[PDB]
Amino acid sequence: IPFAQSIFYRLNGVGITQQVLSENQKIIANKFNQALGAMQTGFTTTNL
Amino acid sequence: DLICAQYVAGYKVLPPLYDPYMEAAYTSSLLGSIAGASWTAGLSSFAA
Amino acid sequence: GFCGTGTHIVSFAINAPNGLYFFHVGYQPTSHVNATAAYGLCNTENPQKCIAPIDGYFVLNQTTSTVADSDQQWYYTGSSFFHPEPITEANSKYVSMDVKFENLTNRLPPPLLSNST
Amino acid sequence: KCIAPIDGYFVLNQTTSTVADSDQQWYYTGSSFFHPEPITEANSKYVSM
Ligand SMILES: *[C@@H]1O[C@H](CO)[C@@H](O[C@@H]2O[C@H](CO)[C@@H](O)[C@H](O)[C@H]2NC(C)=O)[C@H](O)[C@H]1NC(C)=O
Ligand SMILES: *[C@@H]1O[C@H](CO)[C@@H](O[C@@H]2O[C@H](CO)[C@@H](O)[C@H](O)[C@H]2NC(C)=O)[C@H](O)[C@H]1NC(C)=O
Ligand SMILES: *[C@@H]1O[C@H](CO)[C@@H](O[C@@H]2O[C@H](CO)[C@@H](O)[C@H](O)[C@H]2NC(C)=O)[C@H](O)[C@H]1NC(C)=O
């Protein structure tokens with residue numbers, strides 16, 4: 001099964017129903033995308 | 001005698017990081033934790 | 001606690017000098033709502049049938065301050081996002097009778113109705 | 001109404017190259033050994049759409 005479809009099965013497994021996941025595909029994808037863009041600002045001496 | 005030997009041998013016993021009032025707050029929060037209901041998946045709801 | 005903090009969704013691993021470096025993407029809620037829940041629902045017939053949720057809660061759609069016991073309809077919600085939806089047999093088990101369960105007279109879910117035509 | 005498998009898959013019994021959408025019957029199989037069998041309520045949940 002593709003990567004995009006197996007992420008939505010991991011969000012359905014923690015308690016988000018299929019009617020929330022279908023109405024908020026783009027918002028969930030945007031929030032996932034701007035968390036991988038923030039990994040490359042965590043290579044500093046404050047990051048333990 | 002090994003408490004008063006810090007000042008004749010040349011070592012020091014350092015105080016702990018937290019006082020006994022902080023670790024009495026750690027075990028009081030362990031006694032009354034909510035931990036939402038035990039038929040649900042996830043760790044993000046809190047059922048009192 | 002194992003794969004980070006919160007509810008674990010996914011993890012990635014990259015190479016680092018002398019080892020591996022993990023990124024644990026988890027789920028973090030940023031607001032909440034205080035919903036009135038129930039342990040379960042039962043009808044008022046003999047023999048009594050009773051239901052319970054599956055990975056979620058039986059809640060009240062708290063909108064106004066006038067709905068009470070003749071319009072107190074119960075909905076189902078997932079445990080990680082508040083969005084009430086109708087109670088069907090896709091999200092409720094049958095259980096043995098408890099005392100903490102609500103006794104319902106009208107507005108029954110379809111699991112609690114007379115299935116015989 | 002919608003259903004989903006229980007510890008297995010909803011598969012097609014791939015035998016010929018003529019069965020398509022009027023004879024595409026779906027069977028159930030266990031996840032560790034391929035052996036198609038009919039779909040009853042012993043191997044399927046009801047789910048939301
Ligand atoms: C639960 O209550 C909410 C209101 O708080 C209902 O949401 C409304 O739905 C109608 C029709 O879809 C919309 O026109 C309104 O704008 C919605 N309200 C808000 C605040 O967004 C919801 O329908 C109720 N749930 C059920 C299952 O009846
Ligand atoms: C629903 O009705 C039943 C009646 O069968 C209630 O069960 C009684 O509960 C009281 C205390 O709440 C006990 O003293 C009785 O012994 C129970 N009766 C039986 C036959 O076990 C139940 O409490 C009601 N639920 C609610 C929420 O009112
Ligand atoms: C799925 O297809 C297979 C054929 O690939 C069917 O197996 C046949 O069953 C009949 C009757 O039991 C036998 O005479 C054949 O020899 C079988 N074929 C083979 C290749 O062994 C099987 O019955 C089908 N499954 C279902 C549920 O209809």
# chains A, B, ... in the order shown; residues from 1 in each chain; ligands from 1
call {"tool": "residues_near_ligand", "arguments": {"ligand": "ligand 3", "cutoff": "10 Å", "atoms": "only C-alpha atoms and all ligand atoms", "output": "number ranges by chain"}}
result
D: 12-16, 25-29, 35-39
call {"tool": "residues_around", "arguments": {"residues": "residue 38 of chain C", "least_positions_apart": "4", "cutoff": "9 Å", "atoms": "only C-alpha atoms", "output": "JSON, numbers by chain"}}
result
{"C": [57, 58, 59, 60, 74, 100, 101, 102]}
call {"tool": "write_last_selection", "arguments": {"atoms": "N, CA, C and O atoms", "output": "mmCIF file, in the first residue's frame"}}
result
data_model
loop_
_atom_site.group_PDB
_atom_site.id
_atom_site.type_symbol
_atom_site.label_atom_id
_atom_site.label_comp_id
_atom_site.auth_asym_id
_atom_site.auth_seq_id
_atom_site.Cartn_x
_atom_site.Cartn_y
_atom_site.Cartn_z
ATOM 1 N N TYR C 57 -15.734 7.470 22.827
ATOM 2 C CA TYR C 57 -16.632 7.820 23.914
ATOM 3 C C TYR C 57 -18.046 8.058 23.405
ATOM 4 O O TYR C 57 -18.253 8.404 22.242
ATOM 5 N N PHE C 58 -19.015 7.854 24.290
ATOM 6 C CA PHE C 58 -20.406 8.237 24.065
ATOM 7 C C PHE C 58 -20.585 9.611 24.689
ATOM 8 O O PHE C 58 -20.620 9.740 25.909
ATOM 9 N N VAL C 59 -20.717 10.640 23.863
ATOM 10 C CA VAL C 59 -20.734 11.999 24.389
ATOM 11 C C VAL C 59 -22.034 12.723 24.083
ATOM 12 O O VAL C 59 -22.925 12.190 23.418
ATOM 13 N N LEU C 60 -22.133 13.949 24.579
ATOM 14 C CA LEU C 60 -23.230 14.865 24.311
ATOM 15 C C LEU C 60 -22.700 15.985 23.431
ATOM 16 O O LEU C 60 -21.635 16.541 23.709
ATOM 17 N N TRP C 74 -27.299 11.042 22.406
ATOM 18 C CA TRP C 74 -25.915 10.661 22.604
ATOM 19 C C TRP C 74 -25.277 10.357 21.263
ATOM 20 O O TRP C 74 -25.900 9.743 20.394
ATOM 21 N N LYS C 100 -24.001 1.645 36.252
ATOM 22 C CA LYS C 100 -23.595 3.003 35.919
ATOM 23 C C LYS C 100 -24.058 3.423 34.531
ATOM 24 O O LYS C 100 -23.809 4.551 34.103
ATOM 25 N N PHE C 101 -24.719 2.528 33.818
ATOM 26 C CA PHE C 101 -25.157 2.810 32.463
ATOM 27 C C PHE C 101 -26.420 3.657 32.503
ATOM 28 O O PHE C 101 -27.207 3.583 33.442
ATOM 29 N N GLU C 102 -26.617 4.459 31.468
ATOM 30 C CA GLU C 102 -27.782 5.324 31.366
ATOM 31 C C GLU C 102 -28.985 4.495 30.951
ATOM 32 O O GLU C 102 -28.879 3.646 30.064
#
call {"tool": "residues_near_ligand", "arguments": {"ligand": "ligand 2", "cutoff": "10 Å", "atoms": "only C-alpha atoms and all ligand atoms", "output": "PDB file with N, CA, C and O atoms, in the first residue's frame"}}
result
ATOM      1  N   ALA C  38     -20.503   9.088  28.985  1.00  0.00           N
ATOM      2  CA  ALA C  38     -21.293   8.068  29.655  1.00  0.00           C
ATOM      3  C   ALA C  38     -20.533   6.759  29.618  1.00  0.00           C
ATOM      4  O   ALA C  38     -19.741   6.516  28.708  1.00  0.00           O
ATOM      5  N   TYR C  39     -20.777   5.915  30.617  1.00  0.00           N
ATOM      6  CA  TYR C  39     -20.153   4.601  30.644  1.00  0.00           C
ATOM      7  C   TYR C  39     -20.786   3.656  29.642  1.00  0.00           C
ATOM      8  O   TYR C  39     -20.093   2.817  29.065  1.00  0.00           O
ATOM      9  N   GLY C  40     -22.086   3.775  29.425  1.00  0.00           N
ATOM     10  CA  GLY C  40     -22.770   2.950  28.451  1.00  0.00           C
ATOM     11  C   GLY C  40     -24.232   3.309  28.461  1.00  0.00           C
ATOM     12  O   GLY C  40     -24.685   4.134  29.256  1.00  0.00           O
ATOM     13  N   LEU C  41     -24.968   2.687  27.555  1.00  0.00           N
ATOM     14  CA  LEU C  41     -26.391   2.935  27.407  1.00  0.00           C
ATOM     15  C   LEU C  41     -27.142   1.616  27.472  1.00  0.00           C
ATOM     16  O   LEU C  41     -26.613   0.579  27.087  1.00  0.00           O
ATOM     17  N   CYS C  42     -28.373   1.660  27.969  1.00  0.00           N
ATOM     18  CA  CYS C  42     -29.245   0.495  28.010  1.00  0.00           C
ATOM     19  C   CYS C  42     -30.656   0.921  27.646  1.00  0.00           C
ATOM     20  O   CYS C  42     -31.029   2.080  27.809  1.00  0.00           O
ATOM     21  N   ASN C  43     -31.451  -0.028  27.161  1.00  0.00           N
ATOM     22  CA  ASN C  43     -32.857   0.259  26.943  1.00  0.00           C
ATOM     23  C   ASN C  43     -33.649  -0.080  28.202  1.00  0.00           C
ATOM     24  O   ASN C  43     -33.090  -0.340  29.268  1.00  0.00           O
ATOM     25  N   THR C  44     -34.972  -0.081  28.082  1.00  0.00           N
ATOM     26  CA  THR C  44     -35.830  -0.284  29.241  1.00  0.00           C
ATOM     27  C   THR C  44     -36.813  -1.420  29.007  1.00  0.00           C
ATOM     28  O   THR C  44     -38.009  -1.277  29.279  1.00  0.00           O
ATOM     29  N   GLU C  45     -36.325  -2.548  28.502  1.00  0.00           N
ATOM     30  CA  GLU C  45     -37.178  -3.685  28.205  1.00  0.00           C
ATOM     31  C   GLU C  45     -36.606  -4.925  28.872  1.00  0.00           C
ATOM     32  O   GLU C  45     -35.509  -4.906  29.434  1.00  0.00           O
ATOM     33  N   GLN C  48     -33.033  -6.895  28.853  1.00  0.00           N
ATOM     34  CA  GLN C  48     -32.354  -5.638  28.575  1.00  0.00           C
ATOM     35  C   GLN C  48     -31.129  -5.823  27.691  1.00  0.00           C
ATOM     36  O   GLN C  48     -30.358  -6.769  27.876  1.00  0.00           O
ATOM     37  N   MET C  97     -24.996  -6.086  31.618  1.00  0.00           N
ATOM     38  CA  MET C  97     -25.608  -4.905  32.209  1.00  0.00           C
ATOM     39  C   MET C  97     -24.841  -4.353  33.400  1.00  0.00           C
ATOM     40  O   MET C  97     -24.520  -5.082  34.344  1.00  0.00           O
ATOM     41  N   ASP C  98     -24.543  -3.061  33.350  1.00  0.00           N
ATOM     42  CA  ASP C  98     -23.922  -2.367  34.463  1.00  0.00           C
ATOM     43  C   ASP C  98     -24.949  -1.470  35.144  1.00  0.00           C
ATOM     44  O   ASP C  98     -26.043  -1.241  34.627  1.00  0.00           O
ATOM     45  N   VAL C  99     -24.593  -0.969  36.324  1.00  0.00           N
ATOM     46  CA  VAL C  99     -25.492  -0.092  37.067  1.00  0.00           C
ATOM     47  C   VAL C  99     -25.217   1.363  36.709  1.00  0.00           C
ATOM     48  O   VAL C  99     -26.088   2.230  36.819  1.00  0.00           O
ATOM     49  N   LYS C 100     -24.001   1.645  36.252  1.00  0.00           N
ATOM     50  CA  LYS C 100     -23.595   3.003  35.919  1.00  0.00           C
ATOM     51  C   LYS C 100     -24.058   3.423  34.531  1.00  0.00           C
ATOM     52  O   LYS C 100     -23.809   4.551  34.103  1.00  0.00           O
ATOM     53  N   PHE C 101     -24.719   2.528  33.818  1.00  0.00           N
ATOM     54  CA  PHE C 101     -25.157   2.810  32.463  1.00  0.00           C
ATOM     55  C   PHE C 101     -26.420   3.657  32.503  1.00  0.00           C
ATOM     56  O   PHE C 101     -27.207   3.583  33.442  1.00  0.00           O
ATOM     57  N   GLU C 102     -26.617   4.459  31.468  1.00  0.00           N
ATOM     58  CA  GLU C 102     -27.782   5.324  31.366  1.00  0.00           C
ATOM     59  C   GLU C 102     -28.985   4.495  30.951  1.00  0.00           C
ATOM     60  O   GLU C 102     -28.879   3.646  30.064  1.00  0.00           O
ATOM     61  N   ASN C 103     -30.124   4.746  31.581  1.00  0.00           N
ATOM     62  CA  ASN C 103     -31.368   4.127  31.158  1.00  0.00           C
ATOM     63  C   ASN C 103     -32.089   5.054  30.194  1.00  0.00           C
ATOM     64  O   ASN C 103     -32.436   6.182  30.550  1.00  0.00           O
ATOM     65  N   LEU C 104     -32.306   4.583  28.971  1.00  0.00           N
ATOM     66  CA  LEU C 104     -32.883   5.393  27.914  1.00  0.00           C
ATOM     67  C   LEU C 104     -34.287   4.907  27.596  1.00  0.00           C
ATOM     68  O   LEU C 104     -34.534   3.702  27.533  1.00  0.00           O
TER      69      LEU C 104
END
call {"tool": "residues_near_ligand", "arguments": {"ligand": "ligand 1", "cutoff": "8 Å", "atoms": "only C-alpha atoms and all ligand atoms", "output": "ChimeraX atom specification"}}
result
/C:61-63,75,83-86
call {"tool": "select_by_dssp", "arguments": {"residues": "chain A", "states": "alpha helix (DSSP H)", "output": "PyMOL selection string"}}
result
chain A and resi 3-11+18-23+25-36
call {"tool": "write_last_selection", "arguments": {"atoms": "C-alpha atoms", "output": "PDB file, in the first residue's frame"}}
result
ATOM      1  CA  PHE A   3       3.069   5.742   1.829  1.00  0.00           C
ATOM      2  CA  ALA A   4       0.282   8.320   1.837  1.00  0.00           C
ATOM      3  CA  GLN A   5      -2.367   5.668   2.519  1.00  0.00           C
ATOM      4  CA  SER A   6      -0.416   3.972   5.310  1.00  0.00           C
ATOM      5  CA  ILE A   7      -0.003   7.213   7.249  1.00  0.00           C
ATOM      6  CA  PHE A   8      -3.788   7.663   7.349  1.00  0.00           C
ATOM      7  CA  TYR A   9      -4.079   4.118   8.731  1.00  0.00           C
ATOM      8  CA  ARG A  10      -1.709   5.043  11.562  1.00  0.00           C
ATOM      9  CA  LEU A  11      -3.821   8.096  12.417  1.00  0.00           C
ATOM     10  CA  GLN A  18     -12.462   8.247   8.938  1.00  0.00           C
ATOM     11  CA  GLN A  19     -14.808  11.238   8.676  1.00  0.00           C
ATOM     12  CA  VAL A  20     -12.245  13.599  10.192  1.00  0.00           C
ATOM     13  CA  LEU A  21      -9.376  12.171   8.149  1.00  0.00           C
ATOM     14  CA  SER A  22     -11.326  12.599   4.902  1.00  0.00           C
ATOM     15  CA  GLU A  23     -12.335  16.214   5.544  1.00  0.00           C
ATOM     16  CA  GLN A  25      -6.454  15.639   4.216  1.00  0.00           C
ATOM     17  CA  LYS A  26      -4.698  18.824   3.108  1.00  0.00           C
ATOM     18  CA  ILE A  27      -4.391  20.279   6.618  1.00  0.00           C
ATOM     19  CA  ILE A  28      -2.881  17.045   7.974  1.00  0.00           C
ATOM     20  CA  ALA A  29      -0.479  16.886   5.026  1.00  0.00           C
ATOM     21  CA  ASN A  30       0.575  20.504   5.579  1.00  0.00           C
ATOM     22  CA  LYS A  31       1.168  19.957   9.303  1.00  0.00           C
ATOM     23  CA  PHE A  32       3.218  16.860   8.487  1.00  0.00           C
ATOM     24  CA  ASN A  33       5.232  18.761   5.885  1.00  0.00           C
ATOM     25  CA  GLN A  34       6.142  21.624   8.213  1.00  0.00           C
ATOM     26  CA  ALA A  35       7.581  19.278  10.826  1.00  0.00           C
ATOM     27  CA  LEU A  36      10.089  17.751   8.453  1.00  0.00           C
TER      28      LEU A  36
END
call {"tool": "interface_residues", "arguments": {"of": "chain C", "to": "chain D", "cutoff": "10 Å", "atoms": "only C-alpha atoms", "output": "PyMOL selection string"}}
result
chain C and resi 88-91
call {"tool": "closest_atom_pairs", "arguments": {"of": "chain C", "to": "chain A", "cutoff": "9 Å", "atoms": "only C-alpha atoms", "output": "CSV"}}
result
residue,atom,partner,partner_atom,distance
C:7,CA,A:14,CA,7.3
C:8,CA,A:14,CA,8.5
C:9,CA,A:10,CA,6.1
C:10,CA,A:10,CA,8.0
C:23,CA,A:39,CA,8.4
C:25,CA,A:35,CA,8.3
C:27,CA,A:11,CA,8.9
C:55,CA,A:15,CA,6.6
C:56,CA,A:15,CA,7.0
C:77,CA,A:17,CA,8.0
C:78,CA,A:15,CA,5.1
C:79,CA,A:15,CA,5.1
C:80,CA,A:15,CA,4.9
C:81,CA,A:16,CA,5.9
C:82,CA,A:16,CA,8.8
C:83,CA,A:20,CA,7.5
C:85,CA,A:19,CA,8.9
call {"tool": "write_last_selection", "arguments": {"atoms": "C-alpha atoms", "output": "compact mmCIF listing (two decimals), in the first residue's frame"}}
result
# COMPACT_ATOMS: atom_id res chain seq x y z
CA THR C 7 0.99 9.15 20.78
CA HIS C 8 3.45 7.64 18.32
CA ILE C 9 2.68 7.97 14.62
CA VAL C 10 5.89 7.28 12.69
CA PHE C 23 13.16 11.22 14.42
CA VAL C 25 6.92 12.00 14.78
CA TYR C 27 0.75 13.44 17.90
CA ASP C 55 -12.09 3.04 21.00
CA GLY C 56 -14.00 6.23 21.73
CA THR C 77 -16.63 10.40 19.20
CA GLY C 78 -13.14 9.15 18.60
CA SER C 79 -10.81 9.35 21.55
CA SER C 80 -8.24 11.61 19.85
CA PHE C 81 -10.43 14.21 18.10
CA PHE C 82 -13.81 15.64 19.11
CA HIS C 83 -16.30 15.19 16.26
CA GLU C 85 -21.28 11.15 14.83
call {"tool": "atom_distance", "arguments": {"atom1": "atom CA of residue 17 of chain D", "atom2": "atom CA of residue 4 of chain D"}}
result
26.2 Å
call {"tool": "select_by_dssp", "arguments": {"residues": "chain C", "states": "strand (DSSP E)", "output": "MDAnalysis selection string"}}
result
chainID C and resid 7:16 19:27 37:38 41:42 50:53 56:60 74:78 81:85 92:94 102:103
call {"tool": "closest_atom_pairs", "arguments": {"of": "chain B", "to": "chain A", "cutoff": "8 Å", "atoms": "only C-alpha atoms", "output": "tab-separated table"}}
result
residue	atom	partner	partner_atom	distance
B:40	CA	A:15	CA	7.7
B:41	CA	A:14	CA	5.3
B:42	CA	A:14	CA	4.8
call {"tool": "decode", "arguments": {"residues": "segment 2-70 of chain C", "atoms": "C-alpha atoms", "output": "PDB file, in the first residue's frame"}}
result
ATOM      1  CA  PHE C   2       9.615   4.261  24.046  1.00  0.00           C
ATOM      2  CA  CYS C   3       9.345   6.025  20.677  1.00  0.00           C
ATOM      3  CA  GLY C   4       9.235   9.554  22.033  1.00  0.00           C
ATOM      4  CA  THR C   5       6.521  11.364  23.966  1.00  0.00           C
ATOM      5  CA  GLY C   6       2.816  11.416  23.164  1.00  0.00           C
ATOM      6  CA  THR C   7       0.995   9.155  20.775  1.00  0.00           C
ATOM      7  CA  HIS C   8       3.454   7.642  18.317  1.00  0.00           C
ATOM      8  CA  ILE C   9       2.681   7.968  14.618  1.00  0.00           C
ATOM      9  CA  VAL C  10       5.891   7.280  12.693  1.00  0.00           C
ATOM     10  CA  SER C  11       9.685   7.210  13.021  1.00  0.00           C
ATOM     11  CA  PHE C  12      12.611   7.674  10.647  1.00  0.00           C
ATOM     12  CA  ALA C  13      16.264   6.719  11.058  1.00  0.00           C
ATOM     13  CA  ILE C  14      19.316   8.327   9.466  1.00  0.00           C
ATOM     14  CA  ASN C  15      23.029   7.597   9.704  1.00  0.00           C
ATOM     15  CA  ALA C  16      25.118   9.582  12.184  1.00  0.00           C
ATOM     16  CA  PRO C  17      28.806   9.390  13.156  1.00  0.00           C
ATOM     17  CA  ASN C  18      29.188   6.174  15.197  1.00  0.00           C
ATOM     18  CA  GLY C  19      25.522   5.294  14.980  1.00  0.00           C
ATOM     19  CA  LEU C  20      21.891   5.984  14.152  1.00  0.00           C
ATOM     20  CA  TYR C  21      19.777   9.091  14.658  1.00  0.00           C
ATOM     21  CA  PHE C  22      16.012   8.794  15.090  1.00  0.00           C
ATOM     22  CA  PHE C  23      13.161  11.218  14.419  1.00  0.00           C
ATOM     23  CA  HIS C  24       9.965  10.236  16.244  1.00  0.00           C
ATOM     24  CA  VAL C  25       6.923  11.998  14.780  1.00  0.00           C
ATOM     25  CA  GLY C  26       4.189  11.897  17.422  1.00  0.00           C
ATOM     26  CA  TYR C  27       0.751  13.439  17.904  1.00  0.00           C
ATOM     27  CA  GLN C  28       0.424  16.528  20.106  1.00  0.00           C
ATOM     28  CA  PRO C  29      -2.963  18.140  20.826  1.00  0.00           C
ATOM     29  CA  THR C  30      -3.028  21.896  21.355  1.00  0.00           C
ATOM     30  CA  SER C  31      -6.560  22.526  22.649  1.00  0.00           C
ATOM     31  CA  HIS C  32      -9.259  20.536  24.424  1.00  0.00           C
ATOM     32  CA  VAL C  33     -12.973  20.431  25.203  1.00  0.00           C
ATOM     33  CA  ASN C  34     -14.744  19.210  28.344  1.00  0.00           C
ATOM     34  CA  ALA C  35     -17.315  16.733  27.068  1.00  0.00           C
ATOM     35  CA  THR C  36     -19.933  14.978  29.165  1.00  0.00           C
ATOM     36  CA  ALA C  37     -19.497  11.248  28.617  1.00  0.00           C
ATOM     37  CA  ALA C  38     -21.293   8.068  29.655  1.00  0.00           C
ATOM     38  CA  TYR C  39     -20.153   4.601  30.644  1.00  0.00           C
ATOM     39  CA  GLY C  40     -22.770   2.950  28.451  1.00  0.00           C
ATOM     40  CA  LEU C  41     -26.391   2.935  27.407  1.00  0.00           C
ATOM     41  CA  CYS C  42     -29.245   0.495  28.010  1.00  0.00           C
ATOM     42  CA  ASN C  43     -32.857   0.259  26.943  1.00  0.00           C
ATOM     43  CA  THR C  44     -35.830  -0.284  29.241  1.00  0.00           C
ATOM     44  CA  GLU C  45     -37.178  -3.685  28.205  1.00  0.00           C
ATOM     45  CA  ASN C  46     -36.932  -7.293  29.339  1.00  0.00           C
ATOM     46  CA  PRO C  47     -34.509  -8.768  28.468  1.00  0.00           C
ATOM     47  CA  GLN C  48     -32.354  -5.638  28.575  1.00  0.00           C
ATOM     48  CA  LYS C  49     -29.733  -4.859  25.931  1.00  0.00           C
ATOM     49  CA  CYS C  50     -26.753  -2.628  26.665  1.00  0.00           C
ATOM     50  CA  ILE C  51     -23.954  -1.183  24.520  1.00  0.00           C
ATOM     51  CA  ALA C  52     -20.493   0.311  25.006  1.00  0.00           C
ATOM     52  CA  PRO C  53     -18.160   2.278  22.714  1.00  0.00           C
ATOM     53  CA  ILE C  54     -15.262   0.917  20.672  1.00  0.00           C
ATOM     54  CA  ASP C  55     -12.087   3.041  20.995  1.00  0.00           C
ATOM     55  CA  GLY C  56     -14.000   6.228  21.732  1.00  0.00           C
ATOM     56  CA  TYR C  57     -16.632   7.820  23.914  1.00  0.00           C
ATOM     57  CA  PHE C  58     -20.406   8.237  24.065  1.00  0.00           C
ATOM     58  CA  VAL C  59     -20.734  11.999  24.389  1.00  0.00           C
ATOM     59  CA  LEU C  60     -23.230  14.865  24.311  1.00  0.00           C
ATOM     60  CA  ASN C  61     -23.060  17.433  21.522  1.00  0.00           C
ATOM     61  CA  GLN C  62     -22.811  20.426  23.843  1.00  0.00           C
ATOM     62  CA  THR C  63     -24.197  23.327  21.818  1.00  0.00           C
ATOM     63  CA  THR C  64     -27.018  25.085  23.682  1.00  0.00           C
ATOM     64  CA  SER C  65     -28.181  25.261  27.310  1.00  0.00           C
ATOM     65  CA  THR C  66     -31.714  23.985  26.684  1.00  0.00           C
ATOM     66  CA  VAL C  67     -31.249  20.313  25.691  1.00  0.00           C
ATOM     67  CA  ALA C  68     -32.154  18.067  28.621  1.00  0.00           C
ATOM     68  CA  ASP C  69     -33.411  14.462  28.731  1.00  0.00           C
ATOM     69  CA  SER C  70     -35.923  14.693  25.872  1.00  0.00           C
TER      70      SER C  70
END
